[PDB]
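A.B. asks: Compact mmCIF, C-alpha atoms and all ligand atoms, file entry-v6.txt:
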# COMPACT_ATOMS: atom_id res chain seq x y z
CA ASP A 1 112.07 -51.55 -194.63
CA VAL A 2 113.10 -53.50 -191.53
CA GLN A 3 112.13 -57.18 -191.62
CA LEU A 4 112.87 -60.20 -189.44
CA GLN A 5 112.63 -63.79 -190.77
CA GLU A 6 113.91 -66.41 -188.33
CA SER A 7 114.59 -70.11 -188.86
CA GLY A 8 115.89 -73.15 -187.02
CA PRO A 9 115.46 -76.85 -186.21
CA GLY A 10 111.99 -77.68 -184.87
CA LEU A 11 112.49 -81.41 -184.23
CA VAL A 12 114.52 -81.21 -181.02
CA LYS A 13 114.62 -84.35 -178.85
CA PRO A 14 113.80 -84.14 -175.13
CA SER A 15 116.76 -83.47 -172.79
CA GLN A 16 118.95 -81.69 -175.36
CA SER A 17 119.49 -78.04 -176.22
CA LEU A 18 117.53 -76.25 -178.93
CA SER A 19 118.72 -73.67 -181.46
CA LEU A 20 116.94 -70.67 -182.97
CA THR A 21 118.36 -68.13 -185.43
CA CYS A 22 116.79 -64.80 -186.38
CA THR A 23 118.12 -63.02 -189.48
CA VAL A 24 117.46 -59.30 -189.08
CA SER A 25 117.39 -57.88 -192.61
CA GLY A 26 117.09 -54.22 -193.59
CA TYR A 27 118.59 -52.72 -190.43
CA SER A 28 121.74 -53.33 -188.41
CA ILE A 29 121.32 -54.92 -184.99
CA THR A 30 124.29 -53.13 -183.38
CA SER A 31 123.02 -49.61 -184.10
CA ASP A 32 120.36 -49.30 -181.38
CA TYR A 33 117.14 -50.82 -179.95
CA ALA A 34 116.73 -54.17 -178.16
CA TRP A 35 116.05 -57.57 -179.71
CA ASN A 36 113.70 -60.11 -178.15
CA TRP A 37 112.57 -63.73 -178.34
CA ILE A 38 108.88 -64.33 -177.54
CA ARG A 39 107.12 -67.71 -177.58
CA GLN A 40 103.41 -68.54 -177.33
CA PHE A 41 102.49 -71.89 -175.81
CA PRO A 42 99.76 -74.09 -177.32
CA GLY A 43 96.74 -72.23 -176.00
CA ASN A 44 97.65 -68.75 -177.28
CA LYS A 45 99.43 -67.88 -174.02
CA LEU A 46 102.50 -65.72 -174.66
CA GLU A 47 105.63 -65.53 -172.52
CA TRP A 48 108.68 -63.26 -172.64
CA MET A 49 112.14 -64.80 -172.37
CA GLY A 50 115.08 -62.40 -172.74
CA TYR A 51 116.62 -59.45 -174.53
CA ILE A 52 119.83 -58.58 -176.34
CA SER A 53 120.25 -54.81 -176.46
CA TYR A 54 122.42 -53.03 -179.00
CA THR A 55 125.14 -53.13 -176.35
CA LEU A 56 126.25 -56.42 -174.82
CA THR A 57 123.96 -56.25 -171.79
CA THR A 58 121.48 -59.07 -171.33
CA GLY A 59 118.76 -60.23 -168.98
CA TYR A 60 116.39 -63.17 -169.13
CA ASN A 61 113.07 -64.36 -167.79
CA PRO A 62 113.66 -65.56 -164.21
CA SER A 63 111.73 -68.77 -164.91
CA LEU A 64 113.96 -69.72 -167.87
CA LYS A 65 117.11 -67.96 -166.67
CA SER A 66 118.92 -71.06 -165.42
CA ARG A 67 118.85 -72.72 -168.86
CA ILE A 68 118.72 -69.90 -171.45
CA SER A 69 121.28 -67.74 -173.26
CA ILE A 70 121.16 -65.11 -176.03
CA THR A 71 123.96 -64.49 -178.54
CA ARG A 72 124.41 -62.32 -181.64
CA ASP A 73 126.65 -61.81 -184.65
CA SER A 74 128.11 -58.72 -186.31
CA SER A 75 129.28 -59.69 -189.80
CA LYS A 76 126.05 -61.67 -190.13
CA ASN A 77 123.05 -59.63 -188.98
CA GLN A 78 121.69 -62.40 -186.77
CA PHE A 79 121.10 -63.15 -183.11
CA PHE A 80 120.58 -66.68 -181.82
CA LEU A 81 119.17 -68.61 -178.85
CA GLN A 82 120.59 -71.64 -177.02
CA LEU A 83 118.23 -73.15 -174.43
CA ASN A 84 119.46 -76.42 -172.93
CA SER A 85 117.85 -78.95 -170.56
CA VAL A 86 114.67 -78.87 -172.64
CA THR A 87 111.76 -80.44 -170.77
CA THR A 88 108.47 -81.85 -172.08
CA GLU A 89 106.55 -78.56 -172.20
CA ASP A 90 109.02 -76.33 -174.08
CA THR A 91 107.19 -76.81 -177.39
CA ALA A 92 105.80 -73.52 -178.69
CA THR A 93 106.14 -71.03 -181.55
CA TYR A 94 109.10 -68.68 -181.08
CA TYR A 95 108.78 -65.11 -182.36
CA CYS A 96 111.36 -62.43 -183.15
CA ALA A 97 110.59 -58.82 -182.19
CA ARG A 98 112.29 -55.45 -181.75
CA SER A 99 111.69 -53.17 -178.76
CA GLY A 100 113.36 -50.30 -176.97
CA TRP A 101 115.94 -51.02 -174.29
CA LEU A 102 114.46 -48.54 -171.80
CA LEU A 103 111.89 -49.42 -169.15
CA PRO A 104 109.06 -48.39 -169.51
CA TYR A 105 108.24 -47.96 -173.23
CA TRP A 106 109.18 -51.60 -173.88
CA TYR A 107 106.80 -52.35 -176.73
CA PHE A 108 107.43 -54.58 -179.74
CA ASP A 109 107.16 -52.90 -183.14
CA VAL A 110 108.20 -55.39 -185.83
CA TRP A 111 107.55 -59.10 -185.31
CA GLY A 112 108.81 -62.24 -187.00
CA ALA A 113 106.75 -64.66 -189.06
CA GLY A 114 107.26 -67.34 -186.40
CA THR A 115 108.53 -70.91 -186.42
CA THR A 116 107.38 -74.11 -184.73
CA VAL A 117 109.56 -75.98 -182.23
CA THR A 118 108.33 -79.40 -181.11
CA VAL A 119 109.72 -81.56 -178.30
CA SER A 120 108.70 -85.19 -178.84
CA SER A 121 109.91 -88.70 -179.60
CA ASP B 1 103.85 -60.80 -159.45
CA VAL B 2 102.28 -58.89 -162.34
CA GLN B 3 99.41 -60.86 -163.90
CA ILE B 4 97.32 -59.46 -166.77
CA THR B 5 93.80 -60.84 -167.27
CA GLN B 6 91.98 -60.05 -170.51
CA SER B 7 88.26 -60.50 -169.87
CA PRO B 8 86.51 -60.82 -173.28
CA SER B 9 88.00 -64.07 -174.56
CA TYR B 10 85.33 -64.11 -177.29
CA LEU B 11 83.46 -61.22 -178.91
CA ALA B 12 81.11 -61.17 -181.88
CA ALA B 13 81.14 -58.36 -184.43
CA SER B 14 79.41 -57.06 -187.54
CA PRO B 15 80.58 -54.58 -190.20
CA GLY B 16 79.74 -51.08 -188.97
CA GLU B 17 79.60 -51.08 -185.16
CA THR B 18 81.83 -50.63 -182.13
CA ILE B 19 83.26 -53.35 -179.87
CA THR B 20 85.20 -52.91 -176.61
CA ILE B 21 87.96 -55.28 -175.46
CA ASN B 22 89.28 -54.98 -171.90
CA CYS B 23 92.35 -55.93 -169.87
CA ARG B 24 92.99 -55.92 -166.13
CA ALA B 25 96.08 -56.13 -163.93
CA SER B 26 96.84 -56.74 -160.25
CA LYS B 27 99.45 -54.03 -159.54
CA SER B 28 99.36 -50.47 -160.86
CA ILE B 29 101.28 -50.13 -164.13
CA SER B 30 100.32 -46.52 -164.93
CA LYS B 31 99.03 -46.05 -168.50
CA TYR B 32 101.65 -48.43 -169.96
CA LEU B 33 99.69 -50.99 -171.98
CA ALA B 34 100.02 -52.02 -175.63
CA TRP B 35 97.68 -53.64 -178.15
CA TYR B 36 98.81 -56.06 -180.87
CA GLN B 37 96.71 -57.34 -183.78
CA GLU B 38 97.51 -60.81 -185.14
CA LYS B 39 96.13 -61.54 -188.57
CA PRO B 40 96.77 -65.14 -189.70
CA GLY B 41 99.73 -65.64 -192.01
CA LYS B 42 101.25 -62.22 -191.28
CA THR B 43 103.44 -60.47 -188.72
CA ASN B 44 101.96 -58.95 -185.58
CA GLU B 45 101.31 -55.21 -185.82
CA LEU B 46 101.20 -52.95 -182.78
CA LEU B 47 98.22 -50.59 -182.71
CA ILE B 48 98.31 -48.65 -179.42
CA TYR B 49 101.41 -48.27 -177.28
CA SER B 50 101.73 -46.67 -173.83
CA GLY B 51 98.69 -44.50 -173.23
CA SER B 52 96.33 -44.25 -176.19
CA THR B 53 98.68 -43.40 -179.06
CA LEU B 54 97.98 -44.61 -182.59
CA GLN B 55 101.02 -46.19 -184.20
CA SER B 56 102.13 -44.45 -187.39
CA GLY B 57 100.08 -45.71 -190.32
CA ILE B 58 97.41 -47.41 -188.18
CA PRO B 59 93.85 -46.32 -189.08
CA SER B 60 92.08 -43.92 -186.75
CA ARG B 61 89.33 -46.47 -186.01
CA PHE B 62 91.22 -48.12 -183.16
CA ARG B 63 91.22 -46.03 -179.98
CA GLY B 64 93.07 -46.89 -176.79
CA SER B 65 92.09 -45.73 -173.31
CA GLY B 66 92.48 -46.66 -169.66
CA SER B 67 94.83 -45.83 -166.81
CA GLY B 68 96.19 -47.45 -163.66
CA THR B 69 94.85 -51.00 -163.86
CA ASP B 70 91.86 -51.22 -166.22
CA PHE B 71 92.22 -50.40 -169.92
CA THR B 72 89.96 -50.74 -172.95
CA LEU B 73 90.20 -50.87 -176.74
CA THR B 74 87.59 -49.27 -178.99
CA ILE B 75 87.18 -50.04 -182.70
CA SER B 76 84.82 -47.83 -184.70
CA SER B 77 83.32 -48.64 -188.12
CA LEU B 78 84.49 -52.26 -188.29
CA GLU B 79 85.59 -53.01 -191.80
CA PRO B 80 85.42 -56.65 -192.97
CA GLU B 81 89.24 -56.81 -192.76
CA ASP B 82 89.49 -56.00 -189.03
CA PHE B 83 89.05 -59.55 -187.67
CA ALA B 84 92.04 -61.02 -185.82
CA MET B 85 93.33 -61.70 -182.30
CA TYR B 86 94.09 -58.67 -180.12
CA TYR B 87 96.46 -59.10 -177.17
CA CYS B 88 97.49 -56.62 -174.49
CA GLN B 89 100.96 -56.33 -172.99
CA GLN B 90 102.14 -54.39 -169.95
CA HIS B 91 105.55 -52.78 -170.40
CA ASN B 92 106.19 -50.97 -167.12
CA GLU B 93 108.26 -53.57 -165.23
CA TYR B 94 110.07 -56.81 -166.05
CA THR B 95 108.34 -60.19 -166.30
CA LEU B 96 106.54 -58.57 -169.24
CA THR B 97 103.09 -60.17 -169.19
CA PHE B 98 100.71 -60.57 -172.12
CA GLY B 99 97.00 -61.42 -172.09
CA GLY B 100 94.53 -63.88 -173.53
CA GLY B 101 93.16 -63.97 -177.04
CA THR B 102 90.09 -62.36 -178.57
CA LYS B 103 88.01 -62.93 -181.70
CA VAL C 294 134.78 -58.27 -171.86
CA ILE C 295 133.02 -55.51 -173.80
CA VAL C 296 133.98 -52.19 -175.41
CA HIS C 297 131.70 -49.14 -175.58
CA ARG C 298 131.95 -45.80 -177.34
CA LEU C 299 129.82 -43.00 -175.93
CA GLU C 300 128.22 -39.82 -177.25
CA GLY C 301 126.64 -36.99 -175.29
CA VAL C 302 124.53 -33.86 -175.59
CA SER C 303 124.83 -30.85 -173.30
CA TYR C 304 122.05 -30.38 -170.75
CA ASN C 305 120.88 -26.92 -169.68
CA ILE C 306 120.00 -26.19 -166.05
CA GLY C 307 118.10 -23.03 -166.94
CA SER C 308 119.78 -20.30 -168.97
CA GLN C 309 123.28 -21.77 -168.72
CA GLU C 310 124.41 -24.88 -170.59
CA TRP C 311 126.27 -27.82 -169.03
CA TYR C 312 127.74 -31.01 -170.46
CA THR C 313 129.17 -34.16 -168.87
CA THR C 314 132.69 -35.05 -170.02
CA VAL C 315 132.51 -38.82 -169.64
CA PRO C 316 135.35 -40.81 -171.27
CA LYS C 317 134.95 -41.38 -174.99
CA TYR C 318 135.52 -45.14 -174.68
CA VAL C 319 134.52 -47.27 -171.68
CA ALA C 320 135.23 -51.00 -171.47
CA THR C 321 133.04 -53.40 -169.49
CA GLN C 322 133.44 -57.04 -168.46
CA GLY C 323 130.06 -57.59 -166.81
CA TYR C 324 131.70 -58.18 -163.44
CA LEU C 325 134.28 -55.44 -164.09
CA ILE C 326 134.38 -52.02 -165.77
CA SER C 327 137.38 -49.91 -166.74
CA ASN C 328 138.14 -47.07 -169.12
CA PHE C 329 139.65 -48.06 -172.45
CA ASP C 330 143.30 -47.01 -172.33
CA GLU C 331 144.16 -45.65 -175.78
CA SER C 332 142.07 -47.30 -178.54
CA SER C 333 144.93 -46.64 -180.98
CA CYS C 334 144.02 -49.48 -183.33
CA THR C 335 141.69 -50.26 -186.22
CA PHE C 336 138.16 -51.56 -185.60
CA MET C 337 137.31 -54.13 -188.26
CA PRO C 338 133.70 -55.07 -189.08
CA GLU C 339 134.38 -58.62 -187.87
CA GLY C 340 134.94 -57.44 -184.30
CA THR C 341 137.65 -55.90 -182.11
CA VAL C 342 141.21 -57.20 -182.48
CA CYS C 343 143.54 -54.51 -181.14
CA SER C 344 147.13 -55.15 -182.22
CA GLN C 345 148.48 -52.77 -179.54
CA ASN C 346 146.59 -53.09 -176.24
CA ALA C 347 147.39 -53.58 -172.56
CA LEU C 348 145.73 -53.56 -169.15
CA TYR C 349 143.39 -50.64 -168.40
CA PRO C 350 143.51 -48.27 -165.42
CA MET C 351 140.94 -48.31 -162.62
CA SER C 352 139.20 -45.27 -161.13
CA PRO C 353 136.24 -45.41 -158.70
CA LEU C 354 135.31 -41.77 -159.38
CA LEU C 355 134.60 -41.80 -163.11
CA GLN C 356 133.48 -45.44 -163.23
CA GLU C 357 130.74 -44.85 -160.65
CA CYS C 358 129.23 -42.24 -163.00
CA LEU C 359 128.42 -45.00 -165.48
CA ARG C 360 127.01 -47.13 -162.63
CA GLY C 361 123.84 -45.00 -162.66
CA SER C 362 124.68 -42.50 -159.91
CA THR C 363 124.90 -39.18 -161.75
CA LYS C 364 125.32 -37.15 -158.55
CA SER C 365 129.13 -37.46 -158.56
CA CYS C 366 129.74 -37.81 -162.31
CA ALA C 367 131.69 -35.66 -164.76
CA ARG C 368 130.64 -32.04 -165.20
CA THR C 369 131.86 -29.22 -167.43
CA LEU C 370 130.59 -25.73 -168.21
CA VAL C 371 130.14 -25.53 -171.98
CA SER C 372 128.80 -22.01 -172.50
CA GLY C 373 131.87 -21.03 -174.52
CA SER C 374 132.08 -24.35 -176.40
CA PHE C 375 128.56 -25.52 -177.21
CA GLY C 376 129.69 -28.79 -178.78
CA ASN C 377 127.03 -31.42 -179.43
CA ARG C 378 123.46 -30.18 -179.07
CA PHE C 379 121.19 -32.82 -180.64
CA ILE C 380 121.51 -36.58 -181.21
CA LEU C 381 119.31 -39.30 -182.72
CA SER C 382 118.87 -42.25 -180.34
CA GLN C 383 116.22 -44.98 -180.77
CA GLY C 384 114.71 -42.94 -183.59
CA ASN C 385 113.65 -40.40 -180.94
CA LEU C 386 115.48 -37.09 -181.32
CA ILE C 387 117.32 -35.94 -178.19
CA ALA C 388 117.88 -32.19 -178.35
CA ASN C 389 118.74 -29.38 -175.95
CA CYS C 390 116.08 -27.06 -177.35
CA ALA C 391 116.71 -24.43 -174.66
CA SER C 392 119.69 -23.18 -176.69
CA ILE C 393 118.82 -24.38 -180.22
CA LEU C 394 115.92 -23.06 -182.30
CA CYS C 395 114.32 -26.45 -182.87
CA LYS C 396 111.12 -26.47 -184.92
CA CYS C 397 108.61 -28.97 -186.29
CA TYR C 398 107.64 -28.72 -189.95
CA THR C 399 104.32 -30.49 -189.34
CA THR C 400 102.80 -27.13 -188.34
CA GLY C 401 105.68 -24.66 -187.95
CA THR C 402 105.07 -24.41 -184.20
CA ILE C 403 108.01 -23.62 -181.91
CA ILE C 404 108.83 -26.16 -179.21
CA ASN C 405 108.97 -24.51 -175.78
CA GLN C 406 111.52 -25.73 -173.24
CA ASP C 407 111.09 -24.30 -169.75
CA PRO C 408 113.61 -24.09 -166.89
CA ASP C 409 111.81 -26.91 -165.07
CA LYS C 410 112.78 -29.17 -168.00
CA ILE C 411 116.40 -29.89 -168.93
CA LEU C 412 116.28 -32.12 -172.03
CA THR C 413 113.37 -32.70 -174.41
CA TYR C 414 113.14 -36.15 -176.02
CA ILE C 415 111.02 -35.20 -179.01
CA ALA C 416 109.10 -38.17 -180.43
CA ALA C 417 106.44 -38.72 -183.10
CA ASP C 418 103.52 -38.58 -180.64
CA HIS C 419 103.90 -34.79 -180.80
CA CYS C 420 106.13 -34.18 -183.86
CA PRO C 421 106.02 -36.57 -186.84
CA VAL C 422 108.78 -34.82 -188.80
CA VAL C 423 111.25 -32.54 -187.03
CA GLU C 424 113.49 -29.95 -188.69
CA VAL C 425 116.35 -28.32 -186.78
CA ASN C 426 117.95 -25.71 -189.10
CA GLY C 427 117.97 -28.25 -191.91
CA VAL C 428 115.76 -30.82 -193.65
CA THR C 429 113.39 -33.66 -192.76
CA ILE C 430 114.52 -35.75 -189.78
CA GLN C 431 111.80 -38.40 -189.75
CA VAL C 432 111.10 -39.46 -186.17
CA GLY C 433 109.48 -42.73 -185.14
CA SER C 434 107.21 -43.59 -182.25
CA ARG C 435 108.00 -42.68 -178.65
CA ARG C 436 110.69 -44.53 -176.72
CA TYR C 437 111.71 -41.87 -174.15
CA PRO C 438 109.95 -39.63 -171.63
CA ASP C 439 108.89 -36.31 -173.12
CA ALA C 440 111.37 -34.54 -170.81
CA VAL C 441 113.51 -34.97 -167.69
CA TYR C 442 112.46 -33.44 -164.38
CA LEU C 443 114.85 -30.97 -162.77
CA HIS C 444 114.85 -32.91 -159.48
CA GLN D 24 127.20 -52.62 -165.27
CA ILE D 25 126.50 -49.46 -167.27
CA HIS D 26 122.95 -48.47 -166.35
CA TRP D 27 121.93 -47.00 -169.70
CA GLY D 28 118.80 -45.50 -168.15
CA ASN D 29 120.57 -42.96 -165.94
CA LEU D 30 123.28 -42.01 -168.44
CA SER D 31 120.58 -41.05 -170.95
CA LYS D 32 119.23 -38.33 -168.65
CA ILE D 33 122.56 -36.48 -168.59
CA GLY D 34 122.76 -36.92 -172.36
CA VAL D 35 125.23 -39.83 -172.46
CA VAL D 36 123.86 -42.23 -175.09
CA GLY D 37 125.64 -45.40 -176.15
CA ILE D 38 126.51 -45.22 -179.85
CA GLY D 39 128.41 -48.48 -180.39
CA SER D 40 129.44 -51.65 -178.58
CA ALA D 41 131.45 -54.78 -179.34
CA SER D 42 133.81 -57.32 -177.77
CA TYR D 43 137.50 -58.11 -178.18
CA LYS D 44 139.55 -61.29 -177.88
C1 LIG A 501 119.05 -43.37 -161.40
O1 LIG A 501 118.75 -42.18 -160.71
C2 LIG A 501 117.65 -42.28 -159.83
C3 LIG A 501 117.31 -40.90 -159.33
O2 LIG A 501 118.37 -40.39 -158.57
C4 LIG A 501 118.02 -43.26 -158.71
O3 LIG A 501 116.95 -43.48 -157.83
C5 LIG A 501 118.38 -44.61 -159.32
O4 LIG A 501 118.84 -45.50 -158.34
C6 LIG A 501 119.45 -44.47 -160.40
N1 LIG A 501 119.65 -45.74 -161.05
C7 LIG A 501 120.34 -46.77 -160.52
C8 LIG A 501 120.42 -48.01 -161.38
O5 LIG A 501 120.86 -46.73 -159.42
Can I see the file as structure tokens?
Ligand SMILES: *[C@@H]1O[C@H](CO)[C@@H](O)[C@H](O)[C@H]1NC(C)=O
C.D. replies:
Amino acid sequence: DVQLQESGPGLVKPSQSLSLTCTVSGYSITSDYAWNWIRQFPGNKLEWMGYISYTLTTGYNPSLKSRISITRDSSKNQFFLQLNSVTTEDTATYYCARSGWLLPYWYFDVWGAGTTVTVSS
Amino acid sequence: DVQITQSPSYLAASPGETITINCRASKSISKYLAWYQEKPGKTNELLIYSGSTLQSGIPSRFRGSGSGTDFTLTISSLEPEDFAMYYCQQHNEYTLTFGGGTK
Amino acid sequence: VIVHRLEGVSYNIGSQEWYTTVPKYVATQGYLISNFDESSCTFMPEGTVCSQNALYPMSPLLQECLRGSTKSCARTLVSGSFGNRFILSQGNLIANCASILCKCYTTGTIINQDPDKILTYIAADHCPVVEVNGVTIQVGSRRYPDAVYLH
Amino acid sequence: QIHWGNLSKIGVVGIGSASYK
């Protein structure tokens, strides 16, 4: 069935952009639905960042909006994340999830295995 | 300014009894609340979405409830494999807010 | 700049059936929106590289329909030409059951659409497998309201 | 900006989207 297994570099240095890639396998990303990046801080607190719908409409979390951006690809069934100006407390585990693009009924059905991003010397 | 506060940060359990987890908000979000179960080493599985609807394939033990601001989550006949962290998420407006953990 | 292709299903205000004749292709630029002129070129899987394309016309009337205000959008009586009557979006069937004999094979019960409701967004919270004059159309969890209010 | 929420009520559902150079 539909599965999502992301990957990326988790050794980013402070004050440079990060990179996160999610490889949606089993279902095309341009058919429908909305694709999300969720991260949980150390302390089990979860925060929501931004969405890439099946169309090219996009909104972000207002807190992270000034330094976040979501992309995608068509030939490769992937959608990425470029978040620059990384501060000290951006370390977390970033998750990949699928939800509907309508509000309400914005619940996440399939989730990614997760990956660890650390910001340190 | 939607903030979701999950009260029972810790809860004991034994195989064969019912346990109730709660969540609270600050602004009315109708019945829109969801419940996710996080077993270690696996992907998060939604259990109850808006209202009290069982997700397809989820056992009938879990039972959502609640409306307006205060919701609950009822698990009946706890099997030894039903131990994980249950979060709650409001999906009525933007700034989609989750809740604290539970054991 | 973005390109969109659109599909629609007729909506019934009571006994009669109506359908909105929005343009087939609408192009957006985030800050700007305009109808796609001709789309007389091949769409490759890599993306959109139209060998024959030019600037697109502008029209405040039809464009404002896609801006969310449906009060002054396209409108067409489709009693003679029924056209599209059911579509699958988000895994939740969208059907105009007021004029199509939609049924659920979970129990064989008929789905009732009343004049106060225009479109029924059948989901799996009330119909796990749906069957409109055909075979199993497996429907996933809810993503849409169960119906749309008349007002 | 195409508000996909209001177009869905009148039956208009986006079926495909992409970008061109
Ligand atoms: C959608 O229609 C409703 C009801 O008329 C209206 O209040 C709302 O503003 C419309 N959506 C947008 C984005 O304007």
A.B. asks: Calculate, to one decimal in Å, the centre and edge lengths of the box along x, y and z of the file that holds all listed atoms of ligand LIG 501 (chain A) with 3 Å of margin on each side, and present them as AutoDock Vina command-line options.
C.D. replies:
--center_x 118.9 --center_y -44.2 --center_z -159.6 --size_x 9.9 --size_y 13.6 --size_z 9.6
A.B. asks: Counting only C-alpha atoms, which residues of chain D come no farther than 7 Å from chain A, as a PyMOL selection string?
C.D. replies: chain D and resi 28+39-40
A.B. asks: Counting only C-alpha atoms and all ligand atoms, name the residues that have an atom within 10 Å of an atom of ligand LIG 501 (chain A); the answer should be given as a PDB file with C-alpha atoms, in the coordinates of the input.
C.D. replies:
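And here is the file that came out, pocket-v1.pdb:
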ATOM      1  CA  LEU C 359     128.420 -45.000-165.480  1.00  0.00           C
ATOM      2  CA  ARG C 360     127.010 -47.130-162.630  1.00  0.00           C
ATOM      3  CA  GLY C 361     123.840 -45.000-162.660  1.00  0.00           C
ATOM      4  CA  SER C 362     124.680 -42.500-159.910  1.00  0.00           C
ATOM      5  CA  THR C 363     124.900 -39.180-161.750  1.00  0.00           C
ATOM      6  CA  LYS C 364     125.320 -37.150-158.550  1.00  0.00           C
ATOM      7  CA  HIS C 444     114.850 -32.910-159.480  1.00  0.00           C
TER       8      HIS C 444
ATOM      9  CA  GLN D  24     127.200 -52.620-165.270  1.00  0.00           C
ATOM     10  CA  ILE D  25     126.500 -49.460-167.270  1.00  0.00           C
ATOM     11  CA  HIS D  26     122.950 -48.470-166.350  1.00  0.00           C
ATOM     12  CA  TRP D  27     121.930 -47.000-169.700  1.00  0.00           C
ATOM     13  CA  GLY D  28     118.800 -45.500-168.150  1.00  0.00           C
ATOM     14  CA  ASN D  29     120.570 -42.960-165.940  1.00  0.00           C
ATOM     15  CA  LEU D  30     123.280 -42.010-168.440  1.00  0.00           C
ATOM     16  CA  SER D  31     120.580 -41.050-170.950  1.00  0.00           C
ATOM     17  CA  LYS D  32     119.230 -38.330-168.650  1.00  0.00           C
TER      18      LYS D  32
END
A.B. asks: Counting only C-alpha atoms, figure out which residue out of C:327, C:350, C:411, C:386 gets nearest to residue 309 (chain C).
C.D. replies: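 Closest to residue 309 (chain C) of all the choices is C:411.
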A.B. asks: Taking all atoms listed in the file into account, find every residue of chain A that has an atom no more than 12 Å from chain B, and write it out as a PyMOL selection string.
C.D. replies: chain A and resi 3-5+36+38-41+43-51+59-65+95-115
A.B. asks: Any idea what the distance is between CA of residue 39 (chain B) and CA of residue 84 (chain B)?
C.D. replies: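 Separation of CA of residue 39 (chain B) and CA of residue 84 (chain B): 5.0 Å.
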A.B. asks: So that I can see what lies close to residue 23 (chain B), please list as a ChimeraX atom specification the residues with an atom at most 6 Å from it, counting all atoms listed in the file and leaving out residues fewer than 5 positions away in the same chain.
C.D. replies: /B:5-6,70-71
A.B. asks: One number please: CA of residue 330 (chain C) to CA of residue 37 (chain D), in Å, one decimal.
C.D. replies: 18.1 Å
A.B. asks: Within 10 Å of chain B, which residues of chain C are there when counting all atoms listed in the file? Please give them as a list in words.
C.D. replies: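 On the chain C side, the interface is residues 417, 418, 421, 433, 434, 435 and 436 of chain C.
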A.B. asks: Show me, as a list in words, every residue of chain C with an atom at most 9 Å from chain A, counting all atoms listed in the file.
C.D. replies: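 That gives residues 295, 296, 297, 323, 338, 339, 340, 382, 383, 384, 435, 436, 437 and 438 of chain C for chain C.
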A.B. asks: What's the separation between CA of residue 301 (chain C) and CA of residue 374 (chain C), in Å to one decimal place?
C.D. replies: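 Taking CA of residue 301 (chain C) and CA of residue 374 (chain C), their separation equals 13.8 Å.
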